[PDB]
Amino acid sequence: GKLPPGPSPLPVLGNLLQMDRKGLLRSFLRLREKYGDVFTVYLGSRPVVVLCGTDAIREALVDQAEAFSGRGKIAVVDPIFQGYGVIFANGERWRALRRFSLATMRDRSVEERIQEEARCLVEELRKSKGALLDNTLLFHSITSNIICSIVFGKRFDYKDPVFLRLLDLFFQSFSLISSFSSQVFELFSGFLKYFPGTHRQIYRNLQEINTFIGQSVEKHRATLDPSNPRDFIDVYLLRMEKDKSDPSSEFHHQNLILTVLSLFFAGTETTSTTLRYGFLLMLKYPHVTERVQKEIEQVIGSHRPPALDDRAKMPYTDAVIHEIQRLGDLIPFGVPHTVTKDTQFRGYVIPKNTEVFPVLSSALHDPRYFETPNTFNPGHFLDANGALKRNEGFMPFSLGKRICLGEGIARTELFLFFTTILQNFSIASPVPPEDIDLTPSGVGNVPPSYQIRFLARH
C-alpha cells in the first residue's frame, strides 16, 4: 500500500512550486486536473490527501465514516484551540463533547428564538424606510444573537456598543483567517510563528473573546440554579459537578471556554455570509425573488410569521435556499480531517493521522449531479412535479460523523430569516441585475459588499 498520487515534493517546501498563487482551493483544483480525484499534496513537509467530487468524498466520509472521522488542525487557530472544544477535539474527547453539545442545543426552542430574532430584525429594517444600507452587520448580529441566546441565555440589541465592539473584533478574525497570509501560515507556521503577522492578531482577538466568555462563565456559576439551568453554560457546569470524581472526564474549564468559542467560531460567519450571498442573488434574479414571495403569500400569507413547519409546504423557496448554499460554496475546501487509523482507500493506503481535505466545492459544482453547475438554478433541486428533490452532490455541511453540528439550526436560520424578511420587504439596489457580479476568499468564499434597500410592503 501507499499514498495517492501527486506531485513529487521538495524537502522543506513540499509542493510549494506546484501550488497556484490564487490560493489553496485553486491549487487543489489544478492538481485534480493532473492527478485525479484522490491525490497527495505536501503542505510544507506534511502529506495531505485531497478528496474531489461527490463520489470520492462520499466513499470516504460516508462509506468509511469512522476511519475518516478525525479532525486536522488549522494552523492560525490551533494556538487558541490546542485540540480542545468540540471542533478541534479528537477521539474520546470529541465524542463526549459532540454528544453533549447535540443533546444540549436540541432542548423557548431554538426555532422560537429564531422567529423572535427575525421579528427584531424586521422591526429594525422598517426603521430604515428604504434607505440604502450594507446588510453585513445586521446579518452578523442576527446570527451571533442566535448563538448568544443558546450559550448565554440572552440576545443583544443591534446598537449595543459593547456587543458591537466584540462583534467587530470577532468578525475581523474571519477575514484574517481567510487571507492569503494565513494560507501561507497553514504551510509554514513552524517558521512564521516567530514573526509578526495575521496569526498574532487572530490570536489576540480570539483571546479577548475567551476573556469575555470566561467572565460570563463566572457570572453563571455565581447565579446558578441547579434545578433550572438557563443555557448551554449552565448545563455544562452541572456536568462538571456530576463528573467531579472522574479525573479522566473531559468536562473541565478549558473544554468549556473552547466549546463556547467553537459554537461562535463555526456558527456565525458561515450562516451570516450565506444570508448575504442569498440577498445578492435575489437582487441579481428578481424573477426568483418574485416567485419566492408568491409562494410565501400562498402558504403563509402576509399576517402570521413564518414557522419552520412552513418549509415542507414551500418546495420552491426550499430549493432556492439549497441553490444559494450550493453556489455560495462558503467552505470550499472543507475543514481538515485526519484518518483515525491506517486506511485503505481506492487502492491506496493512508497512514493513521494523515490529514485529509474534502473539497466540498468540487461536489457542489459536480456536473454529474447539477446540470448547470456554474449557474443559479433552483431546478437543480426540483422534480418534474415541482416537489423538492434530494441531490447527492449537495453537501455544504459536509457528511459523515463530523457533519456540521449546527446543520439543523443553520437551516432553520436560513429559512426563517429569508422568508421573514421577504414577507415584509421587497428589495432594490443601485446596481442593475445585469451588472451584479457574484464572484468572491477563499478558505471561505466571501461575496462582494453591496448596498440594498428593504422596501416595506403591505
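Numbers follow the displayed sequence, beginning with 1. Each form is matched to the other, and the largest set of C-alpha atoms that superpose within 1.5 Å is called the rigid core.
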Higher C-alpha RMS shift from the shown form in 5 other deposited structures of this protein - 449 to 457 or 4 to 12, rigid core fit: 4 to 12
Divergent stretch in 5 other deposited structures of this protein, 23 to 31 or 422 to 430 [C-alpha RMS, superposed by the core]: 23 to 31
Missing residues, deposited sequence, between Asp157 and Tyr158 (class: none, 1 to 3, 4 to 9, 10 or more): none
Continuity check for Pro440 and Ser441, given as deposited residues lacking coordinates between them: 1 to 3
Mean temperature factor over C-alpha atoms, higher-scoring stretch between 360 to 368 and 182 to 190: 182 to 190
Greater mean Cα temperature factor according to the PDB record, 25 to 33 or 424 to 432: 25 to 33
Candidate residues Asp383, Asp78, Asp329, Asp246, the one whose C-alpha B factor the record puts highest: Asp246
Residue of maximum C-alpha B factor among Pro196, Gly278, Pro378, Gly334, per deposited coordinates: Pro196
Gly70 - Cα temperature factor, lowest/middle/highest third of chain: middle
Third assignment of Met105 from its chain's C-alpha B-factors: highest
Assigned third (lowest, middle, highest) for the C-alpha B factor of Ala456: middle
Third assignment of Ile321 from its chain's C-alpha B-factors: lowest
Where the record places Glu392 (Cα B-factor, split into thirds across the chain): middle
